[PDB]
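Trainee:
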Amino acid sequence: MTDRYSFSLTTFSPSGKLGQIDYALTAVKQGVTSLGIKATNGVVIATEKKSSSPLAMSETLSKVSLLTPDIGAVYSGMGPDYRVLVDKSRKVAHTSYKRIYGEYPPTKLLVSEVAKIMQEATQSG
Amino acid sequence: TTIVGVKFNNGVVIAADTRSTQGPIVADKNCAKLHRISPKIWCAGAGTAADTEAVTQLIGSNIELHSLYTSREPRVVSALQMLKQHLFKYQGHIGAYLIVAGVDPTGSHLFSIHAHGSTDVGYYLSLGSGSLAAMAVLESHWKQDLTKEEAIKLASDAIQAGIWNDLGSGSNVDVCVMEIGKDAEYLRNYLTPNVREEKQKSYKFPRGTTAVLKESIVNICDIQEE
Amino acid sequence: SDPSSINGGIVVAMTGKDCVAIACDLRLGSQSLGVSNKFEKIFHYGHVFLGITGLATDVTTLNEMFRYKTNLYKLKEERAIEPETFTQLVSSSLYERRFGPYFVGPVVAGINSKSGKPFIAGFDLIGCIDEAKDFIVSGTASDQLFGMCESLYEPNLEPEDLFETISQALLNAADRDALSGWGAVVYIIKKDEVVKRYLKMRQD
Amino acid sequence: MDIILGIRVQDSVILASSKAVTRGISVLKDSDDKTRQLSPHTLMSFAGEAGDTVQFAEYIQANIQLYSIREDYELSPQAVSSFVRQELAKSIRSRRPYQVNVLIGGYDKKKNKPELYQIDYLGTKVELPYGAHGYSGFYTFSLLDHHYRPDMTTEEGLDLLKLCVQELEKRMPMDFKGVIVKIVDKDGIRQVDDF
Amino acid sequence: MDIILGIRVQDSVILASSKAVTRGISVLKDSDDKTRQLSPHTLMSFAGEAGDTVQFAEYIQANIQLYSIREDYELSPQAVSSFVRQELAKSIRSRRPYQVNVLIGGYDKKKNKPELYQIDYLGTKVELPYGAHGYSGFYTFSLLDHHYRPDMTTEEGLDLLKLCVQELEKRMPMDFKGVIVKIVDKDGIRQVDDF
Amino acid sequence: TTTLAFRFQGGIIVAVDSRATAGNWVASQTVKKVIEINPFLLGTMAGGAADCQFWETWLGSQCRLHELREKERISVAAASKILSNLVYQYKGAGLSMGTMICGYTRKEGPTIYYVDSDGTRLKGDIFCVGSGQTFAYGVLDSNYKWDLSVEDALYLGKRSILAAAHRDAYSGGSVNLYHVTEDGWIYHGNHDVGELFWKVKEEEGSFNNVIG
Amino acid sequence: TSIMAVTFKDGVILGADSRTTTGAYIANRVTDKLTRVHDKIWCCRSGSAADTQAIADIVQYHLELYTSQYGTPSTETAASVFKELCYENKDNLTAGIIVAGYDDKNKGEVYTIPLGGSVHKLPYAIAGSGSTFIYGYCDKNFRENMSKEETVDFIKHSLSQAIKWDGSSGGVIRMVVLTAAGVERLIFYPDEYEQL
Amino acid sequence: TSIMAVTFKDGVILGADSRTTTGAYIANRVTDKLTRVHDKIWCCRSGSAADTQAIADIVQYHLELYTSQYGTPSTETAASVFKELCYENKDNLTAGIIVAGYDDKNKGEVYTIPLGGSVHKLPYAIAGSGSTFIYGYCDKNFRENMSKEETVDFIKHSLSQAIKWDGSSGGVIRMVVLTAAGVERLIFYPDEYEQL
Amino acid sequence: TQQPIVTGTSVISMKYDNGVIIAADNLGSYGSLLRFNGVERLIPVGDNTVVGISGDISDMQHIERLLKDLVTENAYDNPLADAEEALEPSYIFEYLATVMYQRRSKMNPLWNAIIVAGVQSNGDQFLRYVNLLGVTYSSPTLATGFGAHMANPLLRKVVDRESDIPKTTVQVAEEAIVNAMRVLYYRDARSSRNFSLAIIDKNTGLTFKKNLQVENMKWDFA
Amino acid sequence: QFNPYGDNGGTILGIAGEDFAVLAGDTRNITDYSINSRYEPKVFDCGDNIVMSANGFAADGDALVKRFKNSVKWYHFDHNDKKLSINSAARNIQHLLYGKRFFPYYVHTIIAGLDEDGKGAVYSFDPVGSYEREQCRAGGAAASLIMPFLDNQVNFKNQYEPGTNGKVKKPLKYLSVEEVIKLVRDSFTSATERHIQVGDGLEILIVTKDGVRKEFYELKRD
Ligand SMILES: [Mg+2]
Ligand SMILES: [Mg+2]
Ligand SMILES: [Mg+2]
Ligand SMILES: [Mg+2]
Ligand SMILES: [Mg+2]
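Here the protein sequences line up with chains O, V, W, X, J, K, b, N, M and L, keeping their order. Anchor point for the first sequence: position 14 equals 14 in PDB author numbering, and the numbering is continuous, going up by one each time. Anchor point for the second sequence: position 128 equals 128 in PDB author numbering, and the numbering is continuous, going up by one each time. Anchor point for the third sequence: position 141 equals 141 in PDB author numbering, and the numbering is continuous, going up by one each time. Anchor point for the fourth sequence: position 178 equals 178 in PDB author numbering, and the numbering is continuous, going up by one each time. Anchor point for the fifth sequence: position 51 equals 51 in PDB author numbering, and the numbering is continuous, going up by one each time. Anchor point for the sixth sequence: position 35 equals 35 in PDB author numbering, and the numbering is continuous, going up by one each time. Anchor point for the seventh sequence: position 41 equals 41 in PDB author numbering, and the numbering is continuous, going up by one each time. Anchor point for the eighth sequence: position 34 equals 34 in PDB author numbering, and the numbering is continuous, going up by one each time. Anchor point for the ninth sequence: position 86 equals 86 in PDB author numbering, and the numbering is continuous, going up by one each time. Anchor point for the tenth sequence: position 85 equals 85 in PDB author numbering, and the numbering is continuous, going up by one each time.
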């Protein structure tokens, strides 16, 4: 065994394109629409609960997730990828910030941490 | 330090004194010993103050992540299990002695935990240097089916016994009441029976009393434009 | 032998009306031998001030460490760290060395730039926070400082009155400690001006 | 080893270091040079536990020489002293710490100023007009406190240093076999061969 | 105290004793005479624990002076050394023993012979052509073993003694501040005031 | 502590600091470290405060009994030996004493004996005892001459204690000066080190390392 | 601490006092020392409270995972898991555990695991500081194949004496009965057992 | 060592094992630990053999001199002399002695003098390393005013258990009966008491 | 220097309007072994004094003999031995306090903590403590060992300062003492259920109660 | 191993005025973290217008005071009822203390009174008998908290006259008995706040030519 894939699976093509990132964006394009609007005294995020079956209880599937008491997230694309990113984002808000400064991270920095995780899945082996 | 926990009809209450010491010297006269693990799970700590704070915040942090992961409100038995397994692993070197209390979907709970990782269950508990003074009051006045008002009274009386009789304890009584189906109410400085009397004299000096060699402005601002 | 009393020294901090004060002696020694009379123990990162007593090598190391960390904080946050936040950072940093600690007694002083509220805090060598409303003391003459501050202090002192109070607290405490003295500095801190004053004192 | 002294005058730094090496019962050598040149205008003297002193000094020397070659530039005395302090501060919490105390005498060519830094084995750094390690300060500091002036010439510094050594030779129980004296100024480092 | 040496030549006994008195950190005196005249032709030098050395020496001196007055007669060096040995042998099993080592140099007027006795604090006595206490012998005995002759003059003894002191000053870590030298012969006791 | 005594043309100068400490805690800045044994004899306090006080007052009593019995002033040699013989009896029991017995008689002239709790008794010209002794020795050794005037000798003793008070953490408070003559000792005042330091710094130009 | 387990005709019963001391102070006078590691496999704990709780929690985990894969474990298997932890970590543990359980094939069984981490299968076992005082009594009064009522009386009388003489033992006498019929908890107060 | 003394209707009986050990070696397997200090005042010895023999010899001397002057001493008086030696020399002694005697006025009496040199008058007393294991048994089985045969059985059964569990106890059980009728010595061998 | 072997635990006591109350359990411990169950640790001296003793029992028995001898000695050539020249609580205490301090000064202490409770000739309450170090002190409530930590807090709620003494009846005081003994039985591992209690009143004299038991105990909640 | 010493806490303070002297002390007696008594007098009138306190180990403290009181009695017997002057008392106490040089009274002793010129006097002793006349001296637990405050407020240390900036010291003007008592009360109020062994009550003995007067003040009881 051992993970013997220690090389990048995303690489530059002759035209300068990073294929796997482009294809990931194509998967996002197929995803259900979600949006966000900023007001003077608040922000709103919204999406459609596209239920896969009417027998499914769509309340048990949360597309909009609390990351911190003052930060929320919504997505478009692959649901399972989103779910694990929410788990990682919630944890990193504690490990790389709250356990150091005794307060929750500002929106831009939590976004930065989530972005870093997503960047690494674009270069790591 | 004197800390107590008391079970009642529809919940649990905990209280603590507000004196922290370094040997025989009082470092802080209004210390906060009641810590929050989660909104409705609170604990009080005796022993090494940094350890009691650190172990509370670590388990509190992991409890919050667990709550988000499971989509369920945190349970006292989870806090208890995580605390004891952490403390046991460090073989008493983390000097945290805690009384853990709270309400959750399962009901109301009260536990004690010692630095080596052993835990206990009880309807009334006391910890710290004033625990024997507090337990004397608890053993004298505790009964089954206490009301909320009776439990708050008993808990604060037990802390008072520590305040007056134990040199390690003093100043004020802090209380937190956790009732089933309600928000936990933290009552900071619930009792204040140790206000210092007015001094005989004002020690405000005339201006220019102190000899000065040099004065200068300290630049706290960043490098300026232009 | 005791690491916290090899080099000697003291720090004291106080709150006043819309102001804070932090002060320290200037002595560094090797037990009985006086080595330096210019060893300042108060540092600042933006508008947040940090005094550190104890083992001098750790004092220097921690100053360098917090300069390191507050500089990265500023680059990422795009703003200067506040006293409340920095206090948590000091506590976190000290507790990470729980079983091999820095032998120090840090003291934080400053005014929150947004609320204008005066702030002081103290720590043991392992990170436990003492957030007193009135005053914080640290060092080899901490007992003496507690005695001075407890009798001399009154709330809501004006900046120039607070200077006299904290100066007299430091001076007389230091003169009852063999390992403290050899000069003293007092910082008077307001929301957008800080004045630094070196005091004249006995040199034995 | 034993006595190491330093004095910063107007235009130079002077380091004086004993010549004796004693292994318990016998004095094995009486001409030992307890110093290393870190860069053309920076000198470091040292004293502490046997073996660790020279090992540490040569390790620092190698590192500063490496920096000099990489950047084609001589680090300031302040920068060198900070590097040395960090190495000792790192060392004190190691498995087996370097038991070494140092004085760093350097001439800053940018500021045109002499500089003397005293650092003990814990990583305790102070910039001083004059300094020492061990018991040397106990005998000499009362003389230096009296006579020292910041505008002293190199020759006056050497005379004040002679008075310090004479007091050491009178009241110290150990025979340290005299001192090697070196001067650090704008022209570099040189040894006073008659002292 | 520290170094005490003795050498018996043709017609005299020469005792050399260091001048330093060190109390831990500082050398308090550099002209101390570590000897007592017990009788006109008998000299005793001493070294050991502070206080006990002088107390013991003066006690012995008082006793020999008492004997001299009672009998109107000077005891032989052998008799004095036997008295001293017994006092130290008695002392070693006491509640608090005298921690004192001595050399006894005497000229026997009956036999017309110089005599040197070495006695340590246990009461271990030996008659020797040359002797020492402490570490002094470790540095000097190889020189004495080589050069010593039983028919040496007093001047030759002093020259061999100078070579011994020079070796001590070279290889000993401690500064003992030179030695006071005294000669015991048929005419009595005298001090060499330039050494 | 820092105590010194030295012989010179005009007699003996005795100079001491005033600080007593218990660990880092400064217990007193007003300690009398010169014991006035009688109007002609002085002793200095170092080591154990009680041991020095008690036994040097006792020494005064023995000296008084001697002169009543012999109708003659006791010699410094005899007085110092009464003390050294006494403490030697107690050797091992834990007495702590390092003192200079100072006096000026007809037969001896100015005389100083260093007496010590392990039984040592040393006659000498300059002695310095205490935690700050090394600092005071430096100033003494480089400036001492037999032909010092009473005025200059008094200053030298004052300046040497100041040197120790500055550098030694356990020395300070104030300086006490005495001048011992054949007709008795003369007290030359108490001098606060705080005030003395600045005064000496300005007038002498010394202590350039310190900002004033 | 005074603890014991006794096999009888219908199965096995565990018994214990309820006193936990820190020196001469009674930190808990109503402690539950009878701990469940499986439905019908329980244990009595003595020694370090931290150690024995840690061990018991790990065993309960092991037997829960065993049950999910292989079905109900035997009492011997439970004792083996206890032993493995106690023996392999003997340098860092102070634990004396009695394991008692009921199978339908094997019926009531008792295993004692003393300090060293050895295992001893016995008809009955006694342990804890208070047990020293009842070696004589228990040896004289134990019989095999007693009834439920007799075994309750034997344990009640035995622990009564252990409590009487041992200052480290006291409070209530708790008991847990393990049979085919199920699991029954019993409690006996001082006013009852002190007059025996 | 396992020793005891028990008062009964007609007087008092002393009992003891016969094992004396140096570590794990049995130096003497037929020791007589029941010692006479007066005609009808005897004692059981535990602790240092040298100390308890020295004490007993001194007591015997004191009571012999008492008898010559004042007539027969009481058991209380004998206990007082034992106590005086044990209490005043507590720093240099390791002795635990049970004193038993028969008067006609007072009948059977038992006094125990533990390590500290205190005195305690009791209906019966147990001591020695083996006594720890029979506190439970003796407390449950002792009755006041037993017959001679019952008391012999009580001591035989008690010391049997003490011997069974204590490695430092063993050999024969010896007994001395003190009544108005006189002084009777009894001995019981392993093959007898081991099957009880 | 020694070590205590057979020991007695807490002695507790307090003042009330007309006199003093003192109490102590009947146990003699041998380490963790509850060895002796009928030990009287309150020893009356005359009809005006009760001495309560904790710690080493062998030393207690010695002190008991000293007090017995003190009564004999006081009666010698003393026609007023049962009147004006009877032993006072203050005399008995000062004697014991002298002995305790002397013994510690010879490095051979009587390993005890002692409370002397009584009523003086003029009706004044007497309550004072002395221990193996010779340390003495007085207070409206006094307790030794565990009693100091657990009984005092409860007893001080009744009499918190000197002015509370005249307001405290014998019924309220005895009730408080009995409750404290129950609390000690719950929480002290070297205590017993059986105890003695003594009341010394200026009107009704010395009342000595033996064979008392801790009752009204709560357990259920377990 | 038996430890013959203990620590009963407590803090004492002596201040000498121009024609008066005060010796004050808290009334709390402790061991470890427990309170033995909230009112146990520590400062004593010893006769001849001398007040004394021996703070530290209370058994040694009581023994020393008792022996000094006795010495005053015998001084009167032996020397025709001559008044024992404060300087003579001080020298006498040195010999009492040094008599136990190798097994010391574990106390810090302070006496107060008037000298033979009627001026206020305070003497301070270490455990083995070294002593000095002083103007101001705190002893015991909170001595390190009180002395710096007294240096500043009694002797005006580090205080200079406004406008001169360090050139002219604040002049040392004499304090009245009312002024001294204010500083004593504030010293003990501050010490009570920051030291766990200080509290309950403050008793001050004031000595003048008219005799010895007492004043009592409540302190916080936590
Ligand atoms: Mg100072
Ligand atoms: Mg100084
Ligand atoms: Mg023996
Ligand atoms: Mg056997
Ligand atoms: Mg309190």
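Positions of the beta carbon are idealized from the N, C-alpha and C atoms, including for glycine.
From the DSSP output, in three-state form, read off residue 131(L) for me.
Mentor: What you label residue 131(L) is simply residue 131 of the tenth sequence in a count that begins at 1. DSSP places residue 131(L) in strand when its eight states are reduced to three.
Trainee: Cα-Cα, which of 115(K), 103(K), 141(K) is closest to residue 88(K)?
Mentor: As a working note, residue 88(K) is residue 88 in the sixth sequence. Residue 88(K) has its Cα closest to that of 115(K), out of 115(K), 103(K), 141(K).
Trainee: Flag residue 8(K) as yes if its beta-carbon sits less than 8 Å from any beta-carbon of chain X, otherwise no.
Mentor: Residue numbering aside, residue 8(K) sits at position 8 when the sixth sequence is read from its first letter. Not an interface residue.
Trainee: Can you list the alpha helix (DSSP H) stretches of 4 or more residues lying completely in the stretch 39–114 of chain W, in chain order?
Mentor: Listed in chain order, the complete alpha helix (DSSP H) runs (minimum 4 residues) inside the stretch 39–114 of chain W are 56–77, 83–95.
Trainee: I need the residues with a C-beta less than 6 Å from some heavy atom of ligand 4; please give them in chain order.
Mentor: This criterion selects 163(N), 166(N), 167(N), 169(N), 170(N).
Trainee: Could you name the residues of chain M that residue 250(L) contacts, counting a contact when the two beta carbons are closer than 9 Å?
Mentor: Residue 250(L) lies beyond the stretch modelled for chain L, which goes from 1 to 222, so this question has no answer here.
Trainee: Kindly identify the DSSP beta-bridge partner or partners of residue 43(N).
Mentor: Translated into the one-based positions of the eighth sequence, residue 43(N) becomes position 43. Partner(s): 35(N), 99(N).
Trainee: Taking residue 125(M) as part of the beta strand (DSSP E), name the residues at either end of that continuous run.
Mentor: Start at 1 with the first residue of the ninth sequence, and residue 125(M) comes out as number 125. Taken as a continuous stretch (DSSP letters only), the beta strand (DSSP E) holding residue 125(M) covers 125–131.
Trainee: Would you be able to state if there are at least three C-beta pairs under 8 Å between the stretch 111–131 of chain K and the stretch 39–57 of chain J?
Mentor: Because the criterion of three Cβ pairs below 8 Å is met, the stretch 39–57 of chain J and the stretch 111–131 of chain K touch.
Trainee: Grouping DSSP H, G and I as helix and E and B as strand, with all else coil, what is residue 239(M)?
Mentor: In this structure chain M extends from 1 to 222, so residue 239(M) is not present and cannot be described.
Trainee: Assuming residue 14(N) and residue 176(N) make a contact with CB atoms under 8 Å, what is their CB distance in whole Å?
Mentor: Here residue 14(N) corresponds to residue number 14 of the eighth sequence, with the count starting at 1. Here residue 176(N) corresponds to residue number 176 of the eighth sequence, with the count starting at 1. Rounded, the Cβ-Cβ distance is 5 Å, consistent with contact.
Trainee: For the alpha helix (DSSP H) that contains residue 82(J), what are its first and last residues?
Mentor: For the purposes of this step, residue 82(J) is taken as residue 82 along the fifth sequence, with counting starting at 1. 77–91 is the span of the alpha helix (DSSP H), which, as asked, contains residue 82(J).
Trainee: What number of angstroms, rounded off, separates the C-alpha of residue 195(N) from the C-alpha of residue 16(b)?
Mentor: Position 195 of the eighth sequence, counting from 1, holds the residue named residue 195(N). Position 16 of the seventh sequence, counting from 1, holds the residue named residue 16(b). In a straight line, the C-alpha of residue 195(N) is about 31 Å away from that of residue 16(b).
Trainee: Report the CB separation of residue 139(K) from residue 46(K) in whole angstroms; it is logged as a contact under 8 Å.
Mentor: Your numbering for residue 139(K) matches position 139 in the sixth sequence. Your numbering for residue 46(K) matches position 46 in the sixth sequence. Residue 139(K) to residue 46(K), Cβ: 18 Å. No contact.
Trainee: Can residue 169(V) be considered in contact with ligand 5, in the sense that its beta carbon sits closer than 7 Å to one or more heavy atoms?
Mentor: Here residue 169(V) refers to the residue found at position 169 of the second sequence. Yes, since a heavy atom of ligand 5 falls inside the 7 Å radius drawn around the Cβ of residue 169(V).
Trainee: Assign residue 91(V) to one of three DSSP states: helix, strand, or coil.
Mentor: Your numbering for residue 91(V) matches position 91 in the second sequence. Looking at residue 91(V) - three-state DSSP - the assignment turns out to be coil, as it is neither helix nor strand.
Trainee: In terms of alpha-carbon separation, which member of 146(N), 139(N), 44(N) lies closest to residue 79(N)?
Mentor: Start at 1 with the first residue of the eighth sequence, and residue 79(N) comes out as number 79. Among 146(N), 139(N), 44(N), the Cα nearest to that of residue 79(N) is on 44(N).
Trainee: I'd like to confirm something about residue 172(K): is its beta-carbon nearer than 7 Å to some heavy atom of ligand 2, or not?
Mentor: Counting from one through the sixth sequence, the residue named residue 172(K) turns up at place 172. Yes, ligand 2 has a heavy atom inside 7 Å of this Cβ.
Trainee: Less than 7 Å separating the Cβ of residue 174(W) from some heavy atom of ligand 1?
Mentor: Working through the third sequence from its first residue, we reach residue 174(W) at position 174. Yes, ligand 1 has a heavy atom inside 7 Å of this Cβ.
Trainee: Spatial neighbours of residue 213(L) within its chain, please: C-beta separation below 6 Å, excluding the five flanking residues on both sides.
Mentor: Sequence index remark: in the tenth sequence, residue 213(L) carries index 213 (1-based). These residues qualify, in order along the chain: 206.
Trainee: Where the beta carbon is closer than 7 Å to any heavy atom of ligand 3, which residues qualify, in chain order?
Mentor: Cβ-based neighbours of ligand 3 within the cut-off: 48(N), 50(N), 51(N), 92(N), 93(N), 94(N).
Trainee: Using CA atoms only, rank isn't needed, just tell me which of 131(X), 69(X), 103(X) is closest to residue 84(X).
Mentor: Here the question's residue 84(X) lines up with position 84 in the fourth sequence. Checked all of 131(X), 69(X), 103(X); the closest Cα to residue 84(X) is 103(X).
Trainee: Put residue 166(X) into one of helix, strand or coil per three-state DSSP.
Mentor: For the purposes of this step, residue 166(X) is taken as the residue at position 166 of the fourth sequence. Of the three classes helix, strand and coil, the one that applies to residue 166(X) here is helix, per DSSP.
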